[PDB]
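Structure file target-v1.pdb (PDB, N, CA and C atoms) is printed below.
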```pdb
ATOM      1  N   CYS A   1    -106.626  27.888  13.318
ATOM      2  CA  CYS A   1    -105.720  26.800  12.974
ATOM      3  C   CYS A   1    -104.389  27.332  12.470
ATOM      4  N   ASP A   2    -104.379  28.548  11.923
ATOM      5  CA  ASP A   2    -103.119  29.173  11.539
ATOM      6  C   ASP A   2    -102.298  29.550  12.764
ATOM      7  N   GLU A   3    -102.959  29.998  13.832
ATOM      8  CA  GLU A   3    -102.238  30.342  15.051
ATOM      9  C   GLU A   3    -101.822  29.103  15.830
ATOM     10  N   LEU A   4    -102.586  28.013  15.726
ATOM     11  CA  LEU A   4    -102.187  26.776  16.388
ATOM     12  C   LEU A   4    -101.046  26.094  15.647
ATOM     13  N   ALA A   5    -100.999  26.237  14.322
ATOM     14  CA  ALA A   5     -99.927  25.613  13.555
ATOM     15  C   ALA A   5     -98.588  26.277  13.838
ATOM     16  N   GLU A   6     -98.594  27.585  14.097
ATOM     17  CA  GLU A   6     -97.344  28.275  14.390
ATOM     18  C   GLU A   6     -96.780  27.843  15.737
ATOM     19  N   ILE A   7     -97.653  27.577  16.710
ATOM     20  CA  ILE A   7     -97.191  27.166  18.034
ATOM     21  C   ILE A   7     -96.551  25.787  17.970
ATOM     22  N   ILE A   8     -97.171  24.865  17.232
ATOM     23  CA  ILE A   8     -96.621  23.516  17.116
ATOM     24  C   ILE A   8     -95.263  23.544  16.439
ATOM     25  N   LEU A   9     -95.071  24.447  15.477
ATOM     26  CA  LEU A   9     -93.738  24.655  14.925
ATOM     27  C   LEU A   9     -92.764  25.063  16.021
ATOM     28  N   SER A  10     -93.186  25.959  16.911
ATOM     29  CA  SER A  10     -92.303  26.396  17.984
ATOM     30  C   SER A  10     -92.164  25.329  19.064
ATOM     31  N   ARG A  11     -93.246  24.609  19.367
ATOM     32  CA  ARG A  11     -93.178  23.587  20.408
ATOM     33  C   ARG A  11     -92.361  22.387  19.952
ATOM     34  N   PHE A  12     -92.544  21.957  18.704
ATOM     35  CA  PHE A  12     -91.785  20.814  18.211
ATOM     36  C   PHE A  12     -90.325  21.169  17.971
ATOM     37  N   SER A  13     -90.048  22.395  17.526
ATOM     38  CA  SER A  13     -88.663  22.815  17.350
ATOM     39  C   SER A  13     -87.921  22.858  18.675
ATOM     40  N   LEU A  14     -88.650  22.949  19.788
ATOM     41  CA  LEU A  14     -88.010  22.932  21.097
ATOM     42  C   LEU A  14     -87.694  21.515  21.552
ATOM     43  N   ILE A  15     -88.517  20.541  21.171
ATOM     44  CA  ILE A  15     -88.257  19.162  21.562
ATOM     45  C   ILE A  15     -87.047  18.616  20.820
ATOM     46  N   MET A  16     -86.976  18.865  19.512
ATOM     47  CA  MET A  16     -85.833  18.400  18.732
ATOM     48  C   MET A  16     -84.547  19.079  19.180
ATOM     49  N   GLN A  17     -84.605  20.387  19.427
ATOM     50  CA  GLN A  17     -83.417  21.126  19.840
ATOM     51  C   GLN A  17     -82.925  20.676  21.208
ATOM     52  N   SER A  18     -83.843  20.465  22.150
ATOM     53  CA  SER A  18     -83.489  20.220  23.548
ATOM     54  C   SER A  18     -82.962  18.799  23.701
ATOM     55  N   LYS A  19     -81.679  18.634  23.393
ATOM     56  CA  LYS A  19     -80.978  17.376  23.604
ATOM     57  C   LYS A  19     -79.668  17.664  24.317
ATOM     58  N   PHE A  20     -79.424  16.948  25.409
ATOM     59  CA  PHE A  20     -78.308  17.228  26.300
ATOM     60  C   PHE A  20     -77.185  16.226  26.080
ATOM     61  N   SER A  21     -75.949  16.708  26.167
ATOM     62  CA  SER A  21     -74.781  15.847  26.072
ATOM     63  C   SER A  21     -73.635  16.481  26.844
ATOM     64  N   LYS A  22     -72.676  15.647  27.230
ATOM     65  CA  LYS A  22     -71.510  16.076  27.989
ATOM     66  C   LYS A  22     -70.274  15.959  27.111
ATOM     67  N   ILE A  23     -69.529  17.052  26.988
ATOM     68  CA  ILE A  23     -68.427  17.161  26.041
ATOM     69  C   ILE A  23     -67.111  17.103  26.802
ATOM     70  N   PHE A  24     -66.186  16.278  26.320
ATOM     71  CA  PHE A  24     -64.843  16.182  26.871
ATOM     72  C   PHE A  24     -63.869  16.883  25.937
ATOM     73  N   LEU A  25     -63.118  17.838  26.472
ATOM     74  CA  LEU A  25     -62.123  18.572  25.703
ATOM     75  C   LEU A  25     -60.733  18.053  26.046
ATOM     76  N   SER A  26     -59.988  17.656  25.027
ATOM     77  CA  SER A  26     -58.638  17.125  25.191
ATOM     78  C   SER A  26     -57.986  17.089  23.816
ATOM     79  N   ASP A  27     -56.844  16.414  23.723
ATOM     80  CA  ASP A  27     -56.187  16.245  22.438
ATOM     81  C   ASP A  27     -56.996  15.304  21.557
ATOM     82  N   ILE A  28     -56.849  15.479  20.241
ATOM     83  CA  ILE A  28     -57.748  14.832  19.295
ATOM     84  C   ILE A  28     -57.623  13.316  19.314
ATOM     85  N   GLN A  29     -56.474  12.769  19.712
ATOM     86  CA  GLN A  29     -56.355  11.321  19.838
ATOM     87  C   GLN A  29     -55.866  10.896  21.218
ATOM     88  N   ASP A  30     -56.091  11.716  22.241
ATOM     89  CA  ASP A  30     -55.623  11.408  23.588
ATOM     90  C   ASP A  30     -56.428  10.245  24.150
ATOM     91  N   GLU A  31     -55.778   9.095  24.328
ATOM     92  CA  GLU A  31     -56.483   7.898  24.768
ATOM     93  C   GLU A  31     -56.974   7.983  26.205
ATOM     94  N   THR A  32     -56.570   9.001  26.967
ATOM     95  CA  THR A  32     -57.051   9.107  28.340
ATOM     96  C   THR A  32     -58.544   9.398  28.390
ATOM     97  N   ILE A  33     -59.115   9.927  27.306
ATOM     98  CA  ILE A  33     -60.548  10.202  27.284
ATOM     99  C   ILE A  33     -61.337   8.902  27.218
ATOM    100  N   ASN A  34     -60.901   7.972  26.366
ATOM    101  CA  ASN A  34     -61.630   6.721  26.200
ATOM    102  C   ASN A  34     -61.679   5.932  27.499
ATOM    103  N   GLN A  35     -60.566   5.891  28.232
ATOM    104  CA  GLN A  35     -60.563   5.227  29.530
ATOM    105  C   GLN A  35     -61.403   5.995  30.540
ATOM    106  N   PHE A  36     -61.439   7.321  30.421
ATOM    107  CA  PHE A  36     -62.230   8.133  31.338
ATOM    108  C   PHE A  36     -63.721   7.913  31.121
ATOM    109  N   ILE A  37     -64.167   7.960  29.865
ATOM    110  CA  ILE A  37     -65.585   7.784  29.567
ATOM    111  C   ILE A  37     -66.045   6.392  29.972
ATOM    112  N   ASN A  38     -65.223   5.378  29.704
ATOM    113  CA  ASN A  38     -65.582   4.015  30.079
ATOM    114  C   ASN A  38     -65.783   3.892  31.582
ATOM    115  N   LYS A  39     -64.881   4.476  32.371
ATOM    116  CA  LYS A  39     -65.055   4.455  33.818
ATOM    117  C   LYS A  39     -66.279   5.255  34.236
ATOM    118  N   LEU A  40     -66.459   6.446  33.665
ATOM    119  CA  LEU A  40     -67.553   7.317  34.086
ATOM    120  C   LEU A  40     -68.910   6.707  33.758
ATOM    121  N   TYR A  41     -69.062   6.148  32.557
ATOM    122  CA  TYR A  41     -70.356   5.600  32.163
ATOM    123  C   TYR A  41     -70.730   4.406  33.028
ATOM    124  N   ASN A  42     -69.799   3.481  33.220
ATOM    125  CA  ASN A  42     -70.015   2.429  34.198
ATOM    126  C   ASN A  42     -69.914   3.007  35.603
ATOM    127  N   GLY A  43     -70.147   2.161  36.595
ATOM    128  CA  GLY A  43     -69.957   2.599  37.960
ATOM    129  C   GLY A  43     -68.509   2.940  38.237
ATOM    130  N   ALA A  44     -68.259   4.127  38.783
ATOM    131  CA  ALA A  44     -66.909   4.523  39.181
ATOM    132  C   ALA A  44     -67.015   5.600  40.236
ATOM    133  N   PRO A  45     -67.132   5.214  41.505
ATOM    134  CA  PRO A  45     -67.163   6.226  42.571
ATOM    135  C   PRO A  45     -65.915   7.088  42.622
ATOM    136  N   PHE A  46     -64.744   6.522  42.338
ATOM    137  CA  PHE A  46     -63.486   7.249  42.437
ATOM    138  C   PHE A  46     -62.675   7.050  41.167
ATOM    139  N   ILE A  47     -62.273   8.155  40.546
ATOM    140  CA  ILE A  47     -61.445   8.136  39.347
ATOM    141  C   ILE A  47     -60.163   8.897  39.643
ATOM    142  N   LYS A  48     -59.043   8.367  39.162
ATOM    143  CA  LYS A  48     -57.730   8.942  39.420
ATOM    144  C   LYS A  48     -57.124   9.449  38.121
ATOM    145  N   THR A  49     -56.814  10.745  38.077
ATOM    146  CA  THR A  49     -56.137  11.354  36.938
ATOM    147  C   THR A  49     -55.061  12.290  37.471
ATOM    148  N   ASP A  50     -54.504  13.108  36.583
ATOM    149  CA  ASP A  50     -53.511  14.101  36.959
ATOM    150  C   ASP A  50     -53.986  15.492  36.549
ATOM    151  N   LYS A  51     -53.157  16.492  36.849
ATOM    152  CA  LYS A  51     -53.584  17.883  36.757
ATOM    153  C   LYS A  51     -53.844  18.344  35.330
ATOM    154  N   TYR A  52     -53.321  17.643  34.325
ATOM    155  CA  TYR A  52     -53.377  18.168  32.967
ATOM    156  C   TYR A  52     -54.742  18.009  32.315
ATOM    157  N   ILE A  53     -55.694  17.359  32.974
ATOM    158  CA  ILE A  53     -57.089  17.348  32.538
ATOM    159  C   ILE A  53     -57.931  17.631  33.781
ATOM    160  N   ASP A  54     -58.274  18.902  33.996
ATOM    161  CA  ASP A  54     -59.044  19.282  35.174
ATOM    162  C   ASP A  54     -60.525  19.313  34.834
ATOM    163  N   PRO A  55     -61.373  18.603  35.577
ATOM    164  CA  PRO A  55     -62.794  18.525  35.205
ATOM    165  C   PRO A  55     -63.517  19.857  35.242
ATOM    166  N   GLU A  56     -62.971  20.857  35.932
ATOM    167  CA  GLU A  56     -63.663  22.137  36.035
ATOM    168  C   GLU A  56     -63.789  22.812  34.675
TER     169      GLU A  56
ATOM    170  N   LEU B   1      14.892 106.575   4.513
ATOM    171  CA  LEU B   1      13.467 106.345   4.313
ATOM    172  C   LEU B   1      13.289 104.931   3.791
ATOM    173  N   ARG B   2      12.504 104.128   4.501
ATOM    174  CA  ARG B   2      12.335 102.719   4.178
ATOM    175  C   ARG B   2      10.855 102.387   4.103
ATOM    176  N   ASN B   3      10.439 101.786   2.993
ATOM    177  CA  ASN B   3       9.057 101.380   2.785
ATOM    178  C   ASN B   3       9.003  99.886   2.505
ATOM    179  N   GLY B   4       7.990  99.225   3.046
ATOM    180  CA  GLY B   4       7.844  97.795   2.878
ATOM    181  C   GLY B   4       6.428  97.415   2.500
ATOM    182  N   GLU B   5       6.316  96.288   1.803
ATOM    183  CA  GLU B   5       5.032  95.717   1.429
ATOM    184  C   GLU B   5       5.115  94.207   1.571
ATOM    185  N   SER B   6       3.968  93.577   1.813
ATOM    186  CA  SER B   6       3.933  92.137   2.016
ATOM    187  C   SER B   6       2.526  91.619   1.769
ATOM    188  N   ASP B   7       2.434  90.503   1.051
ATOM    189  CA  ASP B   7       1.169  89.842   0.771
ATOM    190  C   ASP B   7       1.258  88.386   1.201
ATOM    191  N   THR B   8       0.100  87.739   1.292
ATOM    192  CA  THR B   8       0.022  86.328   1.652
ATOM    193  C   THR B   8      -1.377  85.824   1.336
ATOM    194  N   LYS B   9      -1.446  84.629   0.754
ATOM    195  CA  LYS B   9      -2.724  83.981   0.478
ATOM    196  C   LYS B   9      -2.616  82.521   0.882
ATOM    197  N   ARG B  10      -3.530  82.061   1.729
ATOM    198  CA  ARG B  10      -3.584  80.668   2.143
ATOM    199  C   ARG B  10      -4.908  80.067   1.699
ATOM    200  N   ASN B  11      -4.916  78.757   1.475
ATOM    201  CA  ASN B  11      -6.119  78.050   1.048
ATOM    202  C   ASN B  11      -5.979  76.596   1.468
ATOM    203  N   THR B  12      -6.693  76.202   2.518
ATOM    204  CA  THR B  12      -6.636  74.847   3.047
ATOM    205  C   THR B  12      -7.971  74.157   2.825
ATOM    206  N   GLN B  13      -7.938  72.987   2.195
ATOM    207  CA  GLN B  13      -9.126  72.180   1.960
ATOM    208  C   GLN B  13      -8.980  70.864   2.704
ATOM    209  N   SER B  14      -9.952  70.552   3.554
ATOM    210  CA  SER B  14      -9.895  69.369   4.396
ATOM    211  C   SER B  14     -11.078  68.462   4.103
ATOM    212  N   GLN B  15     -10.885  67.170   4.343
ATOM    213  CA  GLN B  15     -11.942  66.180   4.212
ATOM    214  C   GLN B  15     -11.830  65.173   5.344
ATOM    215  N   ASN B  16     -12.969  64.823   5.931
ATOM    216  CA  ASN B  16     -13.032  63.826   6.988
ATOM    217  C   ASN B  16     -13.975  62.714   6.569
ATOM    218  N   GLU B  17     -13.816  61.552   7.190
ATOM    219  CA  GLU B  17     -14.751  60.450   7.030
ATOM    220  C   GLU B  17     -14.629  59.553   8.247
ATOM    221  N   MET B  18     -15.758  59.261   8.886
ATOM    222  CA  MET B  18     -15.767  58.495  10.126
ATOM    223  C   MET B  18     -16.861  57.446  10.036
ATOM    224  N   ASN B  19     -16.487  56.178  10.158
ATOM    225  CA  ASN B  19     -17.433  55.072  10.116
ATOM    226  C   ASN B  19     -17.464  54.382  11.470
ATOM    227  N   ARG B  20     -18.651  54.276  12.052
ATOM    228  CA  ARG B  20     -18.829  53.669  13.360
ATOM    229  C   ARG B  20     -19.756  52.469  13.245
ATOM    230  N   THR B  21     -19.430  51.411  13.979
ATOM    231  CA  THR B  21     -20.214  50.187  13.981
ATOM    232  C   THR B  21     -20.261  49.638  15.396
ATOM    233  N   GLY B  22     -21.445  49.243  15.835
ATOM    234  CA  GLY B  22     -21.608  48.708  17.175
ATOM    235  C   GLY B  22     -22.605  47.576  17.181
ATOM    236  N   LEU B  23     -22.482  46.705  18.178
ATOM    237  CA  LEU B  23     -23.402  45.584  18.349
ATOM    238  C   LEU B  23     -23.510  45.290  19.837
ATOM    239  N   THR B  24     -24.540  45.832  20.477
ATOM    240  CA  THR B  24     -24.765  45.647  21.903
ATOM    241  C   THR B  24     -25.685  44.453  22.104
ATOM    242  N   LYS B  25     -25.153  43.391  22.694
ATOM    243  CA  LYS B  25     -25.881  42.150  22.907
ATOM    244  C   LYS B  25     -26.288  42.074  24.369
ATOM    245  N   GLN B  26     -27.590  41.971  24.619
ATOM    246  CA  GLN B  26     -28.142  41.991  25.966
ATOM    247  C   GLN B  26     -28.781  40.646  26.269
ATOM    248  N   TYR B  27     -28.457  40.085  27.430
ATOM    249  CA  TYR B  27     -28.952  38.779  27.844
ATOM    250  C   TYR B  27     -29.949  38.962  28.978
ATOM    251  N   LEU B  28     -31.234  38.842  28.667
ATOM    252  CA  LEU B  28     -32.290  38.903  29.665
ATOM    253  C   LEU B  28     -32.950  37.538  29.780
ATOM    254  N   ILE B  29     -33.180  37.095  31.016
ATOM    255  CA  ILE B  29     -33.793  35.787  31.227
ATOM    256  C   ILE B  29     -35.254  35.802  30.796
ATOM    257  N   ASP B  30     -35.881  36.979  30.793
ATOM    258  CA  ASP B  30     -37.276  37.074  30.376
ATOM    259  C   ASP B  30     -37.435  36.694  28.910
ATOM    260  N   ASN B  31     -36.514  37.153  28.060
ATOM    261  CA  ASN B  31     -36.597  36.831  26.641
ATOM    262  C   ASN B  31     -36.452  35.339  26.395
ATOM    263  N   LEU B  32     -35.904  34.603  27.360
ATOM    264  CA  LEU B  32     -35.809  33.158  27.206
ATOM    265  C   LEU B  32     -37.155  32.489  27.446
ATOM    266  N   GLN B  33     -37.939  33.003  28.396
ATOM    267  CA  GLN B  33     -39.261  32.435  28.644
ATOM    268  C   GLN B  33     -40.181  32.629  27.448
ATOM    269  N   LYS B  34     -40.095  33.785  26.789
ATOM    270  CA  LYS B  34     -40.953  34.044  25.640
ATOM    271  C   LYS B  34     -40.569  33.203  24.433
ATOM    272  N   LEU B  35     -39.417  32.533  24.479
ATOM    273  CA  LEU B  35     -39.019  31.628  23.408
ATOM    274  C   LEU B  35     -39.942  30.428  23.272
ATOM    275  N   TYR B  36     -40.584  30.006  24.361
ATOM    276  CA  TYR B  36     -41.264  28.715  24.384
ATOM    277  C   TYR B  36     -42.303  28.590  23.279
ATOM    278  N   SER B  37     -43.342  29.415  23.319
ATOM    279  CA  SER B  37     -44.476  29.262  22.421
ATOM    280  C   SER B  37     -44.238  29.903  21.062
ATOM    281  N   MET B  38     -42.995  30.273  20.752
ATOM    282  CA  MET B  38     -42.738  30.959  19.490
ATOM    283  C   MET B  38     -42.940  30.029  18.302
ATOM    284  N   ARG B  39     -42.430  28.802  18.386
ATOM    285  CA  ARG B  39     -42.624  27.857  17.293
ATOM    286  C   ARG B  39     -43.946  27.112  17.423
ATOM    287  N   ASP B  40     -44.399  26.867  18.653
ATOM    288  CA  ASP B  40     -45.604  26.065  18.842
ATOM    289  C   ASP B  40     -46.841  26.780  18.317
ATOM    290  N   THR B  41     -46.960  28.084  18.572
ATOM    291  CA  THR B  41     -48.130  28.817  18.103
ATOM    292  C   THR B  41     -48.224  28.863  16.588
ATOM    293  N   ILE B  42     -47.212  28.377  15.875
ATOM    294  CA  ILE B  42     -47.317  28.278  14.425
ATOM    295  C   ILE B  42     -48.351  27.230  14.045
ATOM    296  N   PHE B  43     -48.382  26.119  14.775
ATOM    297  CA  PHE B  43     -49.265  25.005  14.472
ATOM    298  C   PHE B  43     -50.503  24.971  15.352
ATOM    299  N   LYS B  44     -50.779  26.041  16.095
ATOM    300  CA  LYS B  44     -52.076  26.159  16.745
ATOM    301  C   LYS B  44     -53.080  26.845  15.831
ATOM    302  N   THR B  45     -52.600  27.674  14.902
ATOM    303  CA  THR B  45     -53.489  28.249  13.901
ATOM    304  C   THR B  45     -53.707  27.286  12.741
ATOM    305  N   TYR B  46     -52.739  26.404  12.482
ATOM    306  CA  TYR B  46     -52.950  25.343  11.502
ATOM    307  C   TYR B  46     -54.019  24.373  11.975
ATOM    308  N   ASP B  47     -53.984  24.015  13.259
ATOM    309  CA  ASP B  47     -54.913  23.024  13.787
ATOM    310  C   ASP B  47     -56.346  23.535  13.757
ATOM    311  N   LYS B  48     -56.547  24.815  14.071
ATOM    312  CA  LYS B  48     -57.905  25.321  14.229
ATOM    313  C   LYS B  48     -58.606  25.528  12.895
ATOM    314  N   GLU B  49     -57.858  25.721  11.811
ATOM    315  CA  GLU B  49     -58.454  26.138  10.548
ATOM    316  C   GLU B  49     -58.310  25.116   9.428
ATOM    317  N   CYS B  50     -57.739  23.942   9.691
ATOM    318  CA  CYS B  50     -57.580  22.964   8.618
ATOM    319  C   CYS B  50     -57.940  21.533   8.985
ATOM    320  N   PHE B  51     -58.091  21.182  10.258
ATOM    321  CA  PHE B  51     -58.250  19.793  10.653
ATOM    322  C   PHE B  51     -59.558  19.586  11.403
ATOM    323  N   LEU B  52     -59.993  18.330  11.447
ATOM    324  CA  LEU B  52     -61.237  17.972  12.111
ATOM    325  C   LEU B  52     -61.036  17.930  13.618
ATOM    326  N   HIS B  53     -61.957  18.560  14.347
ATOM    327  CA  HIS B  53     -61.847  18.718  15.791
ATOM    328  C   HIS B  53     -62.714  17.740  16.571
ATOM    329  N   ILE B  54     -63.375  16.807  15.898
ATOM    330  CA  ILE B  54     -64.157  15.769  16.556
ATOM    331  C   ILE B  54     -63.467  14.439  16.300
ATOM    332  N   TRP B  55     -63.531  13.545  17.277
ATOM    333  CA  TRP B  55     -62.817  12.280  17.195
ATOM    334  C   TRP B  55     -63.326  11.410  16.056
TER     335      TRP B  55
END
```

Please lay out the structure from this file as structure tokens.
Amino acid sequence: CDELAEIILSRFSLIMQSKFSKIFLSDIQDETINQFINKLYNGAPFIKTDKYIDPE
Amino acid sequence: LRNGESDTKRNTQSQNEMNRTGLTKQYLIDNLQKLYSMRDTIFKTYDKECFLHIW
């Protein structure tokens, strides 16, 4: 039970840690992000921006 | 019978002083490009170490 308790510590620490998110890098109050996220989260097959925010 | 004698002593002391000043001003277009981020990079180190980076 001592060896099983150590595994559950490792197995549960992996479930809590393993959380995925997508990060947008831009200026701290650049409103183009809010319009971008709103379009992306909803349906948006085509989004139009300019070169100063490259998704790569 | 004629005999002659002659002496002479000279002593010259000189002093010089020369002051030179120059200012060569060179105009390179490259030094103009490096002007851009000179003031801006002052507030890129302020931003990273004093302000909140999450919205």

Counting all atoms listed in the file, which residues from chain B have an atom at most 6.5 Å from any atom of chain A, and could you show them as a ChimeraX atom specification? /B:53-55

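Of the residues in segment 4-55 of chain A, those that DSSP places in alpha helix (DSSP H) on the basis of the backbone are residues 4, 5, 6, 7, 8, 9, 10, 11, 12, 13, 14, 15, 16, 17, 32, 33, 34, 35, 36, 37, 38, 39, 40 and 41 of chain A.
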
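Atom pair atom CA of residue 55 of chain A / atom CA of residue 49 of chain B: separated by 26.2 Å.
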
To verify the selection step, state as an MDAnalysis selection string which residues the PyMOL selection byres (((chain A and resi 24 and name CA) around 9) and name CA) yields on this input. chainID A and resid 22:23 25:26 33 37 55

Kindly give the distance, in Å, that separates atom N of residue 37 of chain B and atom CA of residue 54 of chain A, rounded to a single decimal. 22.1 Å

Check what the PyMOL selection byres (((chain A and resi 36 and name CA) around 12) and name CA) selects in the file above and give those residues as a PyMOL selection string. chain A and resi 24-26+30-35+37-44+46-50+53+55

Show me that you can extract segment 28-51 of chain A, keeping N, CA and C atoms, and write it as a JSON list (two decimals), in the first residue's frame.
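In the end it all went to out.json:
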```
[["chain", "number", "residue", "atom", "x", "y", "z"],
["A", 28, "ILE", "N", -0.60, 44.57, -24.13],
["A", 28, "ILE", "CA", -1.35, 44.24, -22.93],
["A", 28, "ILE", "C", -2.80, 44.71, -22.99],
["A", 29, "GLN", "N", -3.11, 45.74, -23.77],
["A", 29, "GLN", "CA", -4.50, 46.16, -23.93],
["A", 29, "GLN", "C", -4.91, 46.23, -25.40],
["A", 30, "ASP", "N", -4.25, 45.48, -26.27],
["A", 30, "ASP", "CA", -4.56, 45.51, -27.70],
["A", 30, "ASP", "C", -5.92, 44.87, -27.94],
["A", 31, "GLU", "N", -6.90, 45.67, -28.34],
["A", 31, "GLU", "CA", -8.26, 45.17, -28.50],
["A", 31, "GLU", "C", -8.41, 44.21, -29.67],
["A", 32, "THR", "N", -7.40, 44.07, -30.53],
["A", 32, "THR", "CA", -7.52, 43.13, -31.64],
["A", 32, "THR", "C", -7.58, 41.69, -31.16],
["A", 33, "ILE", "N", -7.10, 41.42, -29.94],
["A", 33, "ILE", "CA", -7.15, 40.06, -29.41],
["A", 33, "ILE", "C", -8.59, 39.68, -29.07],
["A", 34, "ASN", "N", -9.32, 40.59, -28.43],
["A", 34, "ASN", "CA", -10.68, 40.29, -28.02],
["A", 34, "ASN", "C", -11.57, 39.98, -29.22],
["A", 35, "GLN", "N", -11.42, 40.75, -30.30],
["A", 35, "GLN", "CA", -12.17, 40.47, -31.51],
["A", 35, "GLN", "C", -11.70, 39.17, -32.16],
["A", 36, "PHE", "N", -10.41, 38.86, -32.03],
["A", 36, "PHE", "CA", -9.88, 37.63, -32.61],
["A", 36, "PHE", "C", -10.41, 36.41, -31.88],
["A", 37, "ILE", "N", -10.36, 36.42, -30.54],
["A", 37, "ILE", "CA", -10.83, 35.28, -29.76],
["A", 37, "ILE", "C", -12.32, 35.06, -29.98],
["A", 38, "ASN", "N", -13.09, 36.14, -30.02],
["A", 38, "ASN", "CA", -14.53, 36.01, -30.25],
["A", 38, "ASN", "C", -14.82, 35.34, -31.58],
["A", 39, "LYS", "N", -14.12, 35.75, -32.64],
["A", 39, "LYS", "CA", -14.30, 35.10, -33.93],
["A", 39, "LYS", "C", -13.83, 33.65, -33.88],
["A", 40, "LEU", "N", -12.67, 33.40, -33.29],
["A", 40, "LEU", "CA", -12.10, 32.05, -33.29],
["A", 40, "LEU", "C", -12.97, 31.08, -32.50],
["A", 41, "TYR", "N", -13.45, 31.49, -31.33],
["A", 41, "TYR", "CA", -14.24, 30.58, -30.50],
["A", 41, "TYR", "C", -15.56, 30.23, -31.18],
["A", 42, "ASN", "N", -16.26, 31.23, -31.69],
["A", 42, "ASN", "CA", -17.41, 30.95, -32.53],
["A", 42, "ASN", "C", -16.95, 30.42, -33.88],
["A", 43, "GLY", "N", -17.90, 30.07, -34.72],
["A", 43, "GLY", "CA", -17.55, 29.67, -36.07],
["A", 43, "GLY", "C", -16.92, 30.81, -36.84],
["A", 44, "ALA", "N", -15.75, 30.56, -37.44],
["A", 44, "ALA", "CA", -15.10, 31.55, -38.29],
["A", 44, "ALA", "C", -14.17, 30.83, -39.23],
["A", 45, "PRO", "N", -14.68, 30.38, -40.38],
["A", 45, "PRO", "CA", -13.79, 29.75, -41.36],
["A", 45, "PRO", "C", -12.68, 30.65, -41.85],
["A", 46, "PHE", "N", -12.94, 31.95, -42.00],
["A", 46, "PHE", "CA", -11.96, 32.88, -42.54],
["A", 46, "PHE", "C", -11.86, 34.10, -41.64],
["A", 47, "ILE", "N", -10.65, 34.42, -41.20],
["A", 47, "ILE", "CA", -10.38, 35.59, -40.37],
["A", 47, "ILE", "C", -9.38, 36.46, -41.11],
["A", 48, "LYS", "N", -9.60, 37.77, -41.05],
["A", 48, "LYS", "CA", -8.77, 38.74, -41.76],
["A", 48, "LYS", "C", -8.03, 39.61, -40.76],
["A", 49, "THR", "N", -6.70, 39.60, -40.83],
["A", 49, "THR", "CA", -5.86, 40.46, -40.00],
["A", 49, "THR", "C", -4.75, 41.03, -40.88],
["A", 50, "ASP", "N", -3.76, 41.64, -40.25],
["A", 50, "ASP", "CA", -2.60, 42.17, -40.95],
["A", 50, "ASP", "C", -1.32, 41.55, -40.40],
["A", 51, "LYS", "N", -0.19, 41.96, -40.97],
["A", 51, "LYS", "CA", 1.07, 41.27, -40.73],
["A", 51, "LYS", "C", 1.58, 41.41, -39.30]]
```
